[PDB]
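I have placed the structure first, in the form of structure tokens, so that the comments after it can refer back to it.
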Amino acid sequence: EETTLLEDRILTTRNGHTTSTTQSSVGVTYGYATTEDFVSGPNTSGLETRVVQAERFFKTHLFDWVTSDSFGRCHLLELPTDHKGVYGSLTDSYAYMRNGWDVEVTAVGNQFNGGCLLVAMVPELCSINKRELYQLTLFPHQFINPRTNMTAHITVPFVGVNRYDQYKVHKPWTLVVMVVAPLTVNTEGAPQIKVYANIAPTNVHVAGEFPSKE
Amino acid sequence: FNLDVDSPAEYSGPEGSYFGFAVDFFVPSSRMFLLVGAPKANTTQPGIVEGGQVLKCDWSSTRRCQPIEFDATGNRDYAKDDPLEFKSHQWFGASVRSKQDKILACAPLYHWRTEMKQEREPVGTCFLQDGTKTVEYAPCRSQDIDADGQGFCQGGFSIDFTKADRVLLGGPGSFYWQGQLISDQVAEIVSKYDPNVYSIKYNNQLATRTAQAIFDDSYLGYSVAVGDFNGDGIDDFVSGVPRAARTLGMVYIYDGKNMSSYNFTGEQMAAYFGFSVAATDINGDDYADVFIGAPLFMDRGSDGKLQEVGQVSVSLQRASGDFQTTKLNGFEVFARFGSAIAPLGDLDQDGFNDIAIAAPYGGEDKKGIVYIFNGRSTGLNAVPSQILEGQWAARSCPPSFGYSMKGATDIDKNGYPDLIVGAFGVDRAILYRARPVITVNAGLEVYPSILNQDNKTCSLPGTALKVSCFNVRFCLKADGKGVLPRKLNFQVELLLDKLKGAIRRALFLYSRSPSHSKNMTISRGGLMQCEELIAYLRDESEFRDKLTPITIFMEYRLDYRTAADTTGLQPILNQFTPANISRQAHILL
Amino acid sequence: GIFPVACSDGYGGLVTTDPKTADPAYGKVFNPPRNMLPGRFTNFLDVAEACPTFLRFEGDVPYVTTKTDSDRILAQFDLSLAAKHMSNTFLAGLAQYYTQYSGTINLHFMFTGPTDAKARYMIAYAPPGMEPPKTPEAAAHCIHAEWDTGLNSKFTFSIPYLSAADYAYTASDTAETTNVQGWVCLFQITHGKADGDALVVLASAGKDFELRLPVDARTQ
Amino acid sequence: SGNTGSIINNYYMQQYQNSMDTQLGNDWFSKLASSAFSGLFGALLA
Amino acid sequence: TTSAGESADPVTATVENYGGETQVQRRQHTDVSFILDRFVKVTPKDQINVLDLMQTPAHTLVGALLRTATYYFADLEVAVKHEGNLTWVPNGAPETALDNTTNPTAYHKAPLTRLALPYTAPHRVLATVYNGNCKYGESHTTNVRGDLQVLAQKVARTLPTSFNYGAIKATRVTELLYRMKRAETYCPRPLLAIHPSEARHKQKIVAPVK
Ligand SMILES: *[C@@H]1O[C@H](CO)[C@@H](O[C@@H]2O[C@H](CO)[C@@H](O[C@H]3O[C@H](CO)[C@@H](O)[C@H](O[C@@H]4O[C@H](CO)[C@@H](O)[C@H](O)[C@@H]4O)[C@@H]3O)[C@H](O)[C@H]2NC(C)=O)[C@H](O)[C@H]1NC(C)=O
Ligand SMILES: [Ca+2]
Ligand SMILES: [Ca+2]
Ligand SMILES: [Ca+2]
Ligand SMILES: [Ca+2]
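Residue numbers (the authors' numbering), protein chains in the order written: chain 2, 5 to 218; chain A, 1 to 29, 32 to 263, 265 to 503, 506 to 594; chain 3, 1 to 220; chain 4, 15 to 39, 65 to 85; chain 1, 1 to 210.
As structure tokens, this is what we get:
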């Protein structure tokens, strides 16, 4: 990385016409697959289309990581979320969609904080338990350790029992951000720290256009 | 025992308005008033049926009860065509508490639309008034909503003021009916008030946080009381939790400085232990004593049959931190004794505080009964010195005389605190005044008490024969606290040989009669008045009975009609004080 | 005639784990295509190696804080899959269905405190036969490794498989050889202004970790 | 392929014993554990 | 071995780091196809038994290792002790069908009857965890509790009815066993052990002479 406490591991990510640069990077984690599987299937009759305008970052707030929060504090974000972009006008236009996710979580507090976050992409998260949090690293994850990084970048494909999904009744992925070591504000640490997500869908394919009251 | 029952002050309201569901005194700064809660009273508020109102009842002169406007408005809107609140049937006035210039009333069934989805949740609300000021206080109306939050809190179900001017508020529905105690200083309630903000944050707020799911449906804040229990001057928080411990009922006591946890517990299932609580020092040791009510408690009699009578647990606070708990049972079956418990202060001004306990559904025709219990050194005297009876019949909901009551207020400045009793079932409220207590030092001396039949000292006018005589002497001395006449006329009665159809062996000399009466008029606080006279024995050959002692009986009666004052409040003589005393005299052989 | 056959006794009873297939009842069904789905795992121990999971310490936390006193023992526990510290790992939840194991267990120690907090740690292996060590100076005569915090925030130590027999039990019965494989002792050599930090610790399977002889005791 | 400690093969055709797979158009956690960085990362002395 | 702590890259070390040597290992017993190919006992209903694999006890070998994977494929084998004839009906078929003999029906032959059943779901792969739209999650709130609570189960999703191989019906089904053939698994999930009360979960192992 660098010889001193100062840190230079530059990583840039362009989704569409939107970029995102990080200088405290650990690398991108690929989960369960590096590429996609077969988009064209026997269930859409070749009427699937790729919409390239929908593949770009959108931002959202997760939670405040304060010193009083102890091990096991979760924040669950079900994907796809309520989106006001062009990706949102796809769940009102089309009946079936499929896409992967490009998730980048940020927690900025200076390197004089302790504590550790574990951000993980969990498929089909119907229920989590207190003991199951000990095995949360079975999923695509990265740690956010304020002495080393502020960013965790996790790319992940489409998973499901079906090849296309009906996102209005099914949320396949879930972004869970867990406190594994509570925050510390020692003498020079930032008092609290806000956690943000910078998500972007990838390889979005749609099929079956619904009628319009417009 | 000194409460006036002849002509007590009656107050009424609209039928069906539940006039008397809550009562209190209002003493500002120099007229005296009465506060009656009518949670079902119709208001002129725009489109609000039975909003409920609190009435200020003028005690001075006429019996007028002018309503108080805390809120004259209707339902505010969240947006266009989207009501924010539902004041209809909000039961405002279900709980009224006053301290000097500050009047706090609440609406336990006030419903409120969330700032998100369109809901109708009973967070409850209150209105605090400080003379000219009047703000709104809804601590449960917050961002924490829907059952598991403070959505069904019904904040204001019970309220109380501390001595440091801090409000104690109870809400039995918070966190799936775990209940919640909320305490705010009266300073921030008005200082942080904002008419455009529906969820006000108070910087110095004390509250019970949410607990484990096994604590659900316990009803904390069902009733509240204040008093010091850790000996630091600050009033602590006593609250009943009647469904806690699998319907056994509990009572929690928190620190009034930081909401830090004593805990009482019931002995019987579903006896509603904690339905009412009260804190007053009953034994003069300046240590606040805990009173807990359980109206549904069942007792066994000599026939060994269960009968619902009600029970109050008297827990004396020892300096040891422990309690000296005494259980006091009800008297009538299904009367729900212990529904209301009201500290009276020193009702009789004897040196110890007193307390009143009610059986609202007792007495003839389910009218209602209030029992008056006096305090003493050993604790609370378990025998009631007075029994207050309802005088009104039922209509649909029983009269409920005693369902709510308030005391410990000298409203007429007679030196003796009075009592308000609310009978909401008949929409009535009754003020009983305390009559001045007169302690009386009566005396009786017979000398000599050993009579020599052959003494024959005192001559008898009309005859040359002299008789065996002796002296009878009686004394009166009376004094009392508070406002009462400085002159006191009594009616003294004397009987010789009280034990005797039979022949009386002694009679008075200057009358030749065993009976003598004396209109005596003594002064309050003044010296002891004492009039004596000569009685003589009959001749030896006038009776055979020489062994039976001759009992000299003295009895006195006070003129109550002439002792009355202004309104006609007639004083009363102290309890446990003999209205008559008797000495005797023997004959030798 | 026809072919003579001797129907033997003791044969043919249903065995719930026999290498035999049932008879078909219903034919010619074609599955929906599922080639190249993400996340295929063929062996339970492939996931136990690529994915460490947390340990569990006093107070139910995956980290051990830097103590500042004459004591320097952070954790000290039985090298046993049935241990309390190992109880929430995937390696011990997967080993409860087997009666014997063999090979190496990796421990991952990731330091969490700030950039001005510094510490030096020591992990040792006490074989069975005498009591485990109580100070780092007595544990320096074992098999140990020692590291300190810096730019790289994780250190991995491999608990060596020393044993008399080639396999060891995954369960524990009494004080006996096979169920006590010694201890694993974590010490804190030094620290500089590391007061109240955390050293989260993971665990996984080694290269040669093996686990055989399935069994079903109870309690998923 | 699965549970066998014996190899008595099948009377029946594969078309009746199982359900037949179809192709459209050990994978992940075997390549992920095999790409595990095993070697020592420092500058080994002694 | 030092390394970046949060890279999430799998980092293995060996006993060569301090002078050992990694030994060879045989891993046939943790193969997914090998270990899931056992009969596991299922609590049967009286007559009708929809053949879902999530009906297996979760504390069992096959039950606990199946729930350690989000998605799974397998053909099914069934062992049944029943009274009267036993009828099977494929996935997506009406209940009235369980009464008709043309459907695969196995006449009673003591003591039991084992059938090889194919995969008949409309899905390329079945699931142990279904969450249509459920979590916020953010450590879910107490908002629905008490009475509304026991009903509140499905405020989210999870339903294996759709993912059904089929049903069996007999006059009286006494015992039922499942065996997974050709088991494939995807996306592993947590797997927990018994949490001990002592410092170590002791137990009673079989005791020979010495
Ligand atoms: C015979 O008959 C005559 C007339 O009835 C009796 O006369 C009485 O004598 C009493 C003793 O002297 C007298 O007591 C009161 O007056 C006393 C002075 O004369 C005075 O000393 C007393 O105070 C004390 O008295 C009380 C009385 O209870 C004693 O308890 C104390 O110990 C003190 O001694 C009294 O004030 C009484 O008034 C007087 N009565 C009359 C009517 O003359 C006489 O006692 C009789 N004697 C016989 C034979 O018993
Ligand atoms: Ca106090
Ligand atoms: Ca006391
Ligand atoms: Ca008194
Ligand atoms: Ca008075």
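In this text, a Cβ means the ideal position worked out from N, Cα and C, and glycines have one as well.
key: Sheet register partners of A22 (chain A) (DSSP bridge)   = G39 (chain A)
inquiry  = As a quick check of your reading: which residues have a C-beta less than 6 Å from at least one non-hydrogen atom of ligand 5, in chain order?
reply    = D413 (chain A), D415 (chain A), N417 (chain A), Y419 (chain A), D421 (chain A), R436 (chain A), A437 (chain A)
task = Assign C155 (chain A) to buried or exposed, taking buried as 16 or more other Cβ atoms, counted over all protein chains shown, within 10 Å of its Cβ.
result = buried
request  = Consider the C-beta atom of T328 (chain A) and the heavy atoms of ligand 1; say whether any pair is separated by less than 7 Å.
outcome  = At a cut-off of 7 Å, the beta-carbon of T328 (chain A) does not count as near ligand 1: no heavy atom of the ligand is closer than that.
query = Which term fits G173 (chain A), buried or exposed, when burial requires 16 or more other beta carbons within 10 angstroms of its beta carbon?
reply = Answer is buried; the Cβ neighbour count reaches 16.
ask   = Does ligand 4 have even one heavy atom less than 7 Å from the beta-carbon of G378 (chain A)?
value = yes
ask   = Taking any Cβ of chain 1, which residues in the region 210-221 of chain A have a Cβ under 9 Å from it, in chain order?
value = Contacts with chain 1 (Cβ-Cβ distance below 9 Å) from the region 210-221 of chain A involve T212, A215, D218, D219, listed in chain order.
inquiry  = Taking CB distances under 8 Å as the criterion, tell me whether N17 (chain 1) reaches chain 4.
reply    = Yes, its Cβ sits closer than 8 Å to a Cβ of chain 4.
query = To the nearest angstrom, how far is it from the Cα of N100 (chain 1) to the Cα of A167 (chain 1)?
reply = 13 Å
query = Do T42 (chain 3) and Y101 (chain 3) come within 8 Å of each other at the CB atom, strictly closer than that value?
reply = no
inquiry  = For a quick check, are the C-beta atoms of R489 (chain A) and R529 (chain A) less than 8 Å apart?
reply    = Their beta carbons are under 8 Å apart, which means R489 (chain A) touches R529 (chain A) by this criterion.
request  = Flag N153 (chain 2) as yes if its beta-carbon sits less than 8 Å from any beta-carbon of chain 1, otherwise no.
outcome  = yes
Separation of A396 (chain A) from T249 (chain A), as counted between CA atoms = 33 Å
inquiry  = Any heavy atom of ligand 3 closer than 7 Å to the beta-carbon of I586 (chain A)?
reply    = no
query = Using a Cβ-Cβ cut-off of 7 Å (strictly less than) and excluding sequence neighbours within five positions of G333 (chain A), which residues of its own chain qualify?
reply = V312, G313, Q314, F340, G341, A362
request  = Output the boundary residues of the alpha helix (DSSP H) element that contains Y364 (chain A).
outcome  = Premise fails: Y364 (chain A) is in no alpha helix (DSSP H) and is neither H nor E.
message = Looking at ligand 3, does it come within less than 7 Å of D292 (chain A), judged from the CB to the closest heavy atom?
response = yes
request  = Confirm the yes/no value for this check: CB of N356 (chain A), any heavy atom of ligand 4, distance under 7 Å.
outcome  = Yes, the Cβ of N356 (chain A) comes within 7 Å of a heavy atom of ligand 4.
key: Nearest candidate by alpha-carbon position, reference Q181 (chain 3), set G150 (chain 3), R218 (chain 3), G103 (chain 3)   = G103 (chain 3)
query = How about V78 (chain 1) and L98 (chain 1): are their beta carbons less than 8 Å apart?
reply = no
key: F334 (chain A) beta carbon near ligand 2 (any heavy atom closer than 7 Å)   = In this structure, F334 (chain A) has its beta carbon at no less than 7 Å from each heavy atom of ligand 2.
Exercise answer, beta-carbon shell around ligand 2 heavy atoms below 5 Å = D230 (chain A), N232 (chain A), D234 (chain A), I236 (chain A), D238 (chain A), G258 (chain A)
request  = Please classify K135 (chain A): is it buried, with 16 or more other beta-carbons within 10 angstroms of its beta-carbon, or exposed?
outcome  = exposed
ask   = Just to confirm, does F25 (chain A) get its C-beta within under 7 Å of one of the non-hydrogen atoms of ligand 1?
value = no
query = When the distance is taken between beta carbons, is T174 (chain 1) closer than 8 Å to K81 (chain 1)?
reply = yes
inquiry  = Contact criterion: CB-CB distance below 8 Å. Does residue 86 (chain 4) meet it with respect to chain 1?
reply    = Given a span of 15 to 85 for chain 4 in the structure shown, any question on residue 86 (chain 4) remains unanswerable.
task = Going by CA-CA distance only, name the one from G20 (chain 1), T43 (chain 1), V62 (chain 1) that's closest to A183 (chain 1).
result = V62 (chain 1)
inquiry  = Between which residues of its own chain and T128 (chain 1) is the CB-CB distance below 6 Å, once the five residues before and five after are set aside?
reply    = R67
request  = Enumerate in chain order the residues of its own chain whose CB-to-CB distance from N579 (chain A) is below 6 Å, with the five nearest sequence positions on each side excluded.
outcome  = The answer, listed in chain order, is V440, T442.
key: Residue span of the beta strand (DSSP E) that contains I148 (chain 2), given as start and end   = 145-148
ask   = Can you name the residues that DSSP bridges to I295 (chain A)?
value = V280 (chain A), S316 (chain A)
key: chain 4 contacts made by the region 112-146 of chain 2, where a contact means CB separation under 9 Å   = none
ask   = For a contact meaning CB atoms closer than 8 Å, what does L213 (chain 3) contact in chain 1?
value = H29
task = With a 10 Å radius around its C-beta and 16 neighbouring C-beta atoms as the bar for buried, classify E15 (chain A) as buried or exposed.
result = exposed
request  = List the endpoints of the continuous alpha helix (DSSP H) containing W61 (chain A).
outcome  = Taken as a continuous stretch (DSSP letters only), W61 (chain A) belongs to no alpha helix (DSSP H), as it is neither H nor E.
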